[PDB]
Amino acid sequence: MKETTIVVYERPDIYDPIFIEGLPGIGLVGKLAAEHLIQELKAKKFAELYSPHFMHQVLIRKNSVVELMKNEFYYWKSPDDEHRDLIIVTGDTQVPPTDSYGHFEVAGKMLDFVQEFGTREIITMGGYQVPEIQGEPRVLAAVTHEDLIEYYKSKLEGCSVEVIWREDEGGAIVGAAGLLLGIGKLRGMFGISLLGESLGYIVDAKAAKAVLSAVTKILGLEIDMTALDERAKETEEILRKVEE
């Protein structure tokens, strides 16, 4: 483990898949979204990523087992000509905020891996932190190439969630949700970032549903959001009582 390493269990017959990322970040939006999507498509884990730039610890898993912090790749093989093969990543962590080089190298490895499957296109998901939400959560969209605005807009027409095409020039997207797109763009890849508005300090199941709604709209997939509905239901009532 002298560098970031990917352990491969299975080499699935997917072709030109879309790489979807939902690693930990603001309100765990991306992580929830990605975990939900994996569950509903019954995606199969085929690989895990370990990095010596991750925090130097193991985690307690189920049944008293220890394990390094990792990220995991899942695939989904479309049964149609009408839908894309997917690779979804999610995981325990990102590189700590104090090692920028490590983010570049982890993202670099993630990209090298998905490209072996002919991956060209990336969707990242995460949250955008706001002091107060004033209604339904908006989803903020940004792309790697201008011509993709019109492309993702057409695939989004008829969607519940309000997607806002960001115009906050000089704003930043920190960590994998940005770097996979910024580094991917240098090597001929392309895609879109979708960040849901969120208070950020809580697990945000509601904002995760909105993001996943935009993403599944793009993909032309329909999936059950109830699990996320009730999580939002629960945590809302918990917050009531905490502020009393």
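One-based numbering along the sequence shown.
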Problem - Mean C-alpha temperature factor, higher of 182-190 and 211-219 - result: 211-219
Fill in the blank from the handout: Comparing 234-242 with 2-10, the higher average Cα temperature factor in the PDB entry belongs to 234-242
Completion exercise
Per the deposited B-factor column, the C-alpha that peaks among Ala47, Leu59, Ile202, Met55 belongs to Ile202
Problem - Identity of residue with top Cα B-factor, from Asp80, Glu167, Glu121, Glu150 - result: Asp80
Practice task
Grab the CA temperature factor for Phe104 from the record and place it in the lowest, middle or highest third of its chain.
Solution key: lowest
Exercise for the section: Check where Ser160 lands among this chain's C-alpha B-factors and tell me if it's the lowest, middle or highest third. Expected result: highest
Practice task
Could you look up the Cα B-factor of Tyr128 in the entry and say which third of the chain it sits in: lowest, middle or highest?
Solution key: middle
Exercise for the section: Within this chain's modelled residues, let me know which third the CA B factor of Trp76 belongs to: lowest, middle or highest. Expected result: highest
Handout entry: Modelled-residue ranking by C-alpha temperature factor, third containing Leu228
Key = highest
